[PDB]
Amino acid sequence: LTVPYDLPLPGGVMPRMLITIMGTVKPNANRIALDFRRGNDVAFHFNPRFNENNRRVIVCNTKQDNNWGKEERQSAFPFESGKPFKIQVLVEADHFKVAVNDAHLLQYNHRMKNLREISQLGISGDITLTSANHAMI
């Protein structure tokens, strides 16, 4: 799949929706991002960074009217340059759950609670993308 990729979500999202994203991180990667978009806003941005001041970190945030909010940062970092990944995002009523490679990673509480208007999932950064699917579980 061509990166950056925009997965259409015309139905929006809703509790019990699982999004499964598979691919391989490129060699010498710098960044990856998932953007759950609502028009011009980003309800949930999930952004692994491989070298921010010589640290690996996951940054999560929301963008409202061109302004980013308070970042939620994780040092737990399951990605490796050149290696395959499987990111899974489970939508729940109060939060997104994120798992990587079949291990729960983090939760992000909803900040923008109108899940029906999250209309696209952007998938960007330093990856080869195999697949991006959703299902109700």
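Residue positions are given as counts along the sequence shown, with the first one as 1.
Student: Averaging CA B factors per stretch from the PDB record, which one is higher: 106-114 or 55-63?
Tutor: Comparing 106-114 with 55-63, the higher mean C-alpha B-factor belongs to 106-114.
Student: Between 88-96 and 43-51, point out the one with the higher average CA B-factor as the PDB entry records it.
Tutor: Higher mean C-alpha B-factor: 88-96.
Student: Which has the highest CA B-factor per the PDB entry: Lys83, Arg31, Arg73, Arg38?
Tutor: By C-alpha B-factor in the record, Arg38 ranks first.
Student: Checking the entry, which one of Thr24, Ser124, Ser119, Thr20 has the top C-alpha B factor?
Tutor: Comparing C-alpha B-factors across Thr24, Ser124, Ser119, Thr20, the top value belongs to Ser119.
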